[PDB]
């Protein structure tokens, strides 16, 4: 019986959850700097354990990016990613207007989840590019 909260997770839990979800690691320093500064955060807990999260960055009008959609491996494929996204999309729908753009960077196995929410690839017209420090 998982609980939905809008609480920001601890740095330790955030970092560990990314690893558990097979995402690129983040340092505690990066987490300390970033966690307080999302537009919106959703965290899922099973008792006191963080089992999933999602975050949004953006400018509140013209552009948003959904980031850090992460679910523990043992909890995957059971609807928790959709629970996270449902709340994220509720947030974005309350702020978005005509011409607002929302995007994300999806690892290929994640495409299925995001497709449920109406996302489509930017390719072939445009592609993600990145750097890591």
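Residue numbers count along the first chain shown, from 1.
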Can you tell me whether 53-61 has a higher mean C-alpha B factor than 93-101 in this record, or the other way round? 93-101
Mean C-alpha B-factor higher for 23-31, or for 78-86? 23-31
If you compare 113, 120, 11, 17, which has the highest Cα B-factor in the entry? 120
Consider only the C-alpha atoms of the modelled residues in this chain, order them by B-factor as the entry records it, and name the third containing residue 40: lowest, middle or highest. lowest
Modelled-residue ranking by C-alpha temperature factor, third containing residue 6: middle
By the recorded C-alpha temperature factor, relative to the other modelled residues in its chain, which third is residue 71 in? lowest
